[PDB]
>>> print(open('protein.cif').read())   # mmCIF, N, CA, C and O atoms
data_start
#
loop_
_atom_site.label_atom_id
_atom_site.label_comp_id
_atom_site.auth_asym_id
_atom_site.auth_seq_id
_atom_site.Cartn_x
_atom_site.Cartn_y
_atom_site.Cartn_z
N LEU B 1039 54.31 43.43 106.78
CA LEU B 1039 53.59 43.91 107.95
C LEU B 1039 54.41 43.70 109.21
O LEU B 1039 54.37 44.52 110.14
N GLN B 1040 55.15 42.59 109.28
CA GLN B 1040 56.05 42.36 110.40
C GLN B 1040 57.12 43.44 110.46
O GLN B 1040 57.47 43.92 111.55
N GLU B 1041 57.67 43.81 109.31
CA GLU B 1041 58.61 44.92 109.27
C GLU B 1041 57.97 46.21 109.78
O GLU B 1041 58.62 46.99 110.48
N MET B 1042 56.70 46.44 109.43
CA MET B 1042 55.99 47.60 109.95
C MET B 1042 55.89 47.55 111.47
O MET B 1042 56.13 48.56 112.15
N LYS B 1043 55.54 46.40 112.02
CA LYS B 1043 55.50 46.27 113.47
C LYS B 1043 56.89 46.50 114.07
O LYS B 1043 57.01 47.04 115.17
N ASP B 1044 57.93 46.11 113.34
CA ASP B 1044 59.30 46.28 113.83
C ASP B 1044 59.66 47.76 113.92
O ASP B 1044 60.16 48.23 114.95
N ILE B 1045 59.43 48.52 112.84
CA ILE B 1045 59.80 49.93 112.85
C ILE B 1045 59.06 50.66 113.97
O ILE B 1045 59.58 51.64 114.53
N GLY B 1046 57.86 50.21 114.30
CA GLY B 1046 57.15 50.71 115.47
C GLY B 1046 56.85 52.19 115.44
O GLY B 1046 57.02 52.88 116.45
N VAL B 1047 56.40 52.70 114.30
CA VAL B 1047 55.99 54.09 114.16
C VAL B 1047 54.56 54.12 113.65
O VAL B 1047 54.23 53.46 112.65
N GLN B 1048 53.69 54.86 114.35
CA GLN B 1048 52.31 54.98 113.90
C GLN B 1048 52.25 55.59 112.51
O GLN B 1048 51.54 55.08 111.63
N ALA B 1049 52.99 56.67 112.29
CA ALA B 1049 53.12 57.30 110.98
C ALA B 1049 51.78 57.40 110.27
O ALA B 1049 51.61 56.97 109.12
N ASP B 1050 50.80 57.97 110.96
CA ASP B 1050 49.51 58.23 110.33
C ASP B 1050 49.66 59.34 109.30
O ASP B 1050 50.46 60.27 109.45
N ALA B 1051 48.88 59.23 108.22
CA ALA B 1051 48.97 60.22 107.15
C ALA B 1051 48.71 61.62 107.68
O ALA B 1051 49.49 62.55 107.43
N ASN B 1052 47.62 61.80 108.42
CA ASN B 1052 47.37 63.08 109.07
C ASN B 1052 48.50 63.40 110.04
O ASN B 1052 49.00 64.53 110.06
N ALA B 1053 48.92 62.42 110.84
CA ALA B 1053 50.04 62.63 111.73
C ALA B 1053 51.31 62.96 110.95
O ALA B 1053 52.08 63.81 111.40
N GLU B 1054 51.52 62.33 109.80
CA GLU B 1054 52.71 62.62 109.00
C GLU B 1054 52.72 64.07 108.53
O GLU B 1054 53.71 64.78 108.72
N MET B 1055 51.63 64.51 107.90
CA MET B 1055 51.59 65.87 107.40
C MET B 1055 51.73 66.88 108.54
O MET B 1055 52.55 67.81 108.47
N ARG B 1056 50.96 66.68 109.61
CA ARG B 1056 51.05 67.59 110.74
C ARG B 1056 52.47 67.63 111.29
O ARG B 1056 53.02 68.71 111.54
N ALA B 1057 53.08 66.46 111.50
CA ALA B 1057 54.39 66.40 112.12
C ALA B 1057 55.43 67.09 111.25
O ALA B 1057 56.26 67.86 111.75
N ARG B 1058 55.42 66.82 109.94
CA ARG B 1058 56.42 67.45 109.08
C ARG B 1058 56.23 68.96 109.10
O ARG B 1058 57.21 69.72 109.18
N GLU B 1059 54.98 69.43 109.07
CA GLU B 1059 54.74 70.87 109.14
C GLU B 1059 55.32 71.47 110.42
O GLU B 1059 56.07 72.46 110.37
N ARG B 1060 54.98 70.88 111.57
CA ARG B 1060 55.44 71.45 112.84
C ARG B 1060 56.96 71.42 112.94
O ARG B 1060 57.58 72.40 113.38
N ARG B 1061 57.58 70.31 112.56
CA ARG B 1061 59.02 70.22 112.73
C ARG B 1061 59.75 71.14 111.75
O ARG B 1061 60.79 71.71 112.09
N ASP B 1062 59.19 71.34 110.56
CA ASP B 1062 59.80 72.26 109.61
C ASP B 1062 59.69 73.71 110.09
O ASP B 1062 60.64 74.49 109.95
N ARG B 1063 58.53 74.09 110.63
CA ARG B 1063 58.41 75.44 111.17
C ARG B 1063 59.34 75.61 112.37
O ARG B 1063 59.91 76.69 112.58
N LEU B 1064 59.54 74.54 113.15
CA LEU B 1064 60.56 74.59 114.20
C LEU B 1064 61.94 74.84 113.62
O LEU B 1064 62.72 75.64 114.16
N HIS B 1065 62.29 74.14 112.54
CA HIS B 1065 63.59 74.33 111.91
C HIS B 1065 63.80 75.78 111.50
O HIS B 1065 64.83 76.40 111.82
N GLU B 1066 62.83 76.34 110.78
CA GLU B 1066 62.98 77.72 110.32
C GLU B 1066 63.03 78.69 111.49
O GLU B 1066 63.81 79.66 111.47
N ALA B 1067 62.22 78.46 112.52
CA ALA B 1067 62.26 79.33 113.69
C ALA B 1067 63.63 79.29 114.34
O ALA B 1067 64.18 80.32 114.74
N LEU B 1068 64.20 78.09 114.47
CA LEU B 1068 65.55 77.95 115.02
C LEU B 1068 66.56 78.75 114.21
O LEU B 1068 67.38 79.49 114.76
N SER B 1069 66.53 78.57 112.88
CA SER B 1069 67.49 79.27 112.04
C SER B 1069 67.36 80.78 112.20
O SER B 1069 68.36 81.50 112.32
N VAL B 1070 66.12 81.27 112.23
CA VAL B 1070 65.90 82.71 112.35
C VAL B 1070 66.38 83.22 113.70
O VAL B 1070 66.97 84.30 113.80
N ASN B 1071 66.12 82.46 114.77
CA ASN B 1071 66.58 82.87 116.10
C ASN B 1071 68.10 82.92 116.14
O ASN B 1071 68.68 83.84 116.73
N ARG B 1072 68.76 81.94 115.54
CA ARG B 1072 70.22 81.95 115.49
C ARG B 1072 70.73 83.17 114.72
O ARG B 1072 71.71 83.80 115.12
N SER B 1073 70.07 83.51 113.61
CA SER B 1073 70.46 84.70 112.86
C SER B 1073 70.29 85.96 113.71
O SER B 1073 71.15 86.85 113.69
N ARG B 1074 69.19 86.05 114.45
CA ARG B 1074 68.99 87.19 115.34
C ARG B 1074 70.11 87.27 116.37
O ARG B 1074 70.63 88.35 116.67
N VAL B 1075 70.47 86.12 116.94
CA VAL B 1075 71.53 86.08 117.93
C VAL B 1075 72.83 86.59 117.33
O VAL B 1075 73.56 87.38 117.95
N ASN B 1076 73.15 86.14 116.11
CA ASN B 1076 74.36 86.60 115.45
C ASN B 1076 74.33 88.11 115.23
O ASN B 1076 75.33 88.80 115.44
N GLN B 1077 73.18 88.63 114.79
CA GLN B 1077 73.06 90.06 114.55
C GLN B 1077 73.30 90.86 115.83
O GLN B 1077 74.06 91.84 115.84
N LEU B 1078 72.66 90.44 116.92
CA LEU B 1078 72.84 91.15 118.18
C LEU B 1078 74.28 91.06 118.67
O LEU B 1078 74.83 92.04 119.19
N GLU B 1079 74.91 89.90 118.50
CA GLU B 1079 76.30 89.75 118.91
C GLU B 1079 77.21 90.68 118.12
O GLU B 1079 78.13 91.29 118.67
N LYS B 1080 76.98 90.78 116.81
CA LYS B 1080 77.78 91.70 116.00
C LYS B 1080 77.55 93.14 116.43
O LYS B 1080 78.50 93.94 116.46
N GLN B 1081 76.31 93.50 116.76
CA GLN B 1081 76.04 94.84 117.25
C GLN B 1081 76.84 95.12 118.52
O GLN B 1081 77.43 96.20 118.69
N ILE B 1082 76.86 94.15 119.44
CA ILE B 1082 77.59 94.32 120.69
C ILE B 1082 79.09 94.45 120.43
O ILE B 1082 79.78 95.25 121.07
N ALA B 1083 79.61 93.66 119.49
CA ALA B 1083 81.02 93.77 119.14
C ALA B 1083 81.34 95.15 118.58
O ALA B 1083 82.38 95.74 118.89
N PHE B 1084 80.45 95.68 117.73
CA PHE B 1084 80.63 97.03 117.22
C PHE B 1084 80.64 98.05 118.35
O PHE B 1084 81.45 98.99 118.35
N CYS B 1085 79.74 97.88 119.32
CA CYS B 1085 79.72 98.79 120.46
C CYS B 1085 81.04 98.75 121.21
O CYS B 1085 81.59 99.80 121.57
N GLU B 1086 81.58 97.55 121.44
CA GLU B 1086 82.87 97.45 122.12
C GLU B 1086 83.97 98.13 121.33
O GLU B 1086 84.81 98.85 121.90
N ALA B 1087 84.01 97.89 120.02
CA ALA B 1087 85.06 98.49 119.20
C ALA B 1087 84.99 100.01 119.25
O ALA B 1087 86.01 100.68 119.39
#
>>> encode(input="protein.cif", output="structure tokens")
Amino acid sequence: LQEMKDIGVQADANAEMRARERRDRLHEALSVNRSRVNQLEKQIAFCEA
């Protein structure tokens, strides 16, 4: 229990599930946005060529 107080994270079960869900959807959103950025950049490069 002292180690638990040391780590200092509430880590509630409901909080755990919610947090993992939100951060994972953030991860996928980031990846998709980066892919969109790459696609648009390639389109612009094609336009220049």
>>> atom_distance(input="protein.cif", atom1="atom O of residue B:1070", atom2="atom C of residue B:1053")
26.6 Å
>>> atom_distance(input="protein.cif", atom1="atom CA of residue B:1073", atom2="atom CA of residue B:1057")
24.4 Å
>>> axis_aligned_box(input="protein.cif", around="stretch 1067-1084 of chain B", padding_each_side="4 Å", output="lines of an AutoDock Vina configuration file")
center_x = 72.3
center_y = 88.5
center_z = 116.6
size_x = 28.2
size_y = 29.0
size_z = 17.0
>>> atom_distance(input="protein.cif", atom1="atom CA of residue B:1078", atom2="atom CA of residue B:1063")
22.5 Å
